[PDB]
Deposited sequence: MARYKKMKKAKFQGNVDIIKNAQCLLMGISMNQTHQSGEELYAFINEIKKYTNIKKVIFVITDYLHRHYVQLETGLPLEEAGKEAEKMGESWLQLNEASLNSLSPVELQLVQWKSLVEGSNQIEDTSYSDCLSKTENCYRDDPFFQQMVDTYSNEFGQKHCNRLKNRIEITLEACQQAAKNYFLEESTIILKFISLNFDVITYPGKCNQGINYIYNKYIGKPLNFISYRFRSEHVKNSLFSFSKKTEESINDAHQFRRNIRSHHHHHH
């Protein structure tokens, strides 16, 4: 026996009621944007019949910075490795993607935003990189992240490879800067509301306010479970492993 997961948006939802296009960045570290929880999300959003379009950005290519750290591969080649994760996500979540209809689905690959589908992205990164040099608030934000996640990653890797705490910090810094910059590419997709099962990335919020000069239309959502007559996903594996986790475990098998 098993309860049903339902999703609910946090705070006043008028921001959704006035929207026609909804965007969500799909993270490879989440467990909350796959399987039951994704289906839960799509179920809730379809209740807002003003939503004609949903955009999912698959955030996998972003991870090449960390995959390079692990593997020593060239960055584009680390990128191919990283894009295996997005293939895993697509294949794990066909049910949810096809359930959106008649709401139109747009799938966006991170690689398309960073490398063209122009010099649109490199221009966007320049703004983010200038901001890191010039804004002590943003510089501290980035530094704080790269120090924290530098540490987490070096301790993850110390026993299996020769690695420096400085190497890990650099990769984490470039990761965060790319992630911060992407919001400048998201606006090109014409979304009206952006959402996530948790708080919005602070890099993303900062860059948006600074260079658009408008409040970001973000709303989070949370999950709850209820007793129901017939509960779905009962044959689902009861193991909360992110796709990044599984792909790492996978790469340990081949050292």
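Several segments of the deposited sequence have no coordinates for C-alpha: 1-3, 121-124, 263-268, numbered from the first residue.
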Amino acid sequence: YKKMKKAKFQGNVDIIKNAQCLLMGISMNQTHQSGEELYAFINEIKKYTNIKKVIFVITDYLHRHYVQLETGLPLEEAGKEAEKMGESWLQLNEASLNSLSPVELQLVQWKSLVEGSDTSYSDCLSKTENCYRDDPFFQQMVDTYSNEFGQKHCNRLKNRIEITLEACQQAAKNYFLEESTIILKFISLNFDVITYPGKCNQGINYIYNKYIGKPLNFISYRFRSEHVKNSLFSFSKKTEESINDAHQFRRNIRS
From here on, numbers count along this sequence of modelled residues.
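Judged by mean Cα B factor in the deposited record, 239-247 ranks above the other of 8-16 and 239-247.
Between 224-232 and 32-40, it is 224-232 that carries the larger average Cα temperature factor according to the deposited entry.
Comparing the C-alpha B-factors of 155, 106, 93, 128 in the entry, the top value falls on 155.
Of the candidates 195, 50, 205, 68, the PDB record gives 50 the highest C-alpha temperature factor. Among the modelled residues of the chain, residue 173 sits in the lowest third by CA temperature factor in this PDB entry. Among the modelled residues of the chain, residue 165 sits in the highest third by CA temperature factor in this PDB entry. The deposited CA B-factor of residue 55 belongs to the lowest third of values across its chain. Ranked against the other modelled residues of its chain, the C-alpha B-factor of residue 187 as given in the entry falls in the lowest third. In this PDB entry, the Cα temperature factor of residue 136 sits in the middle third of its chain's modelled residues.
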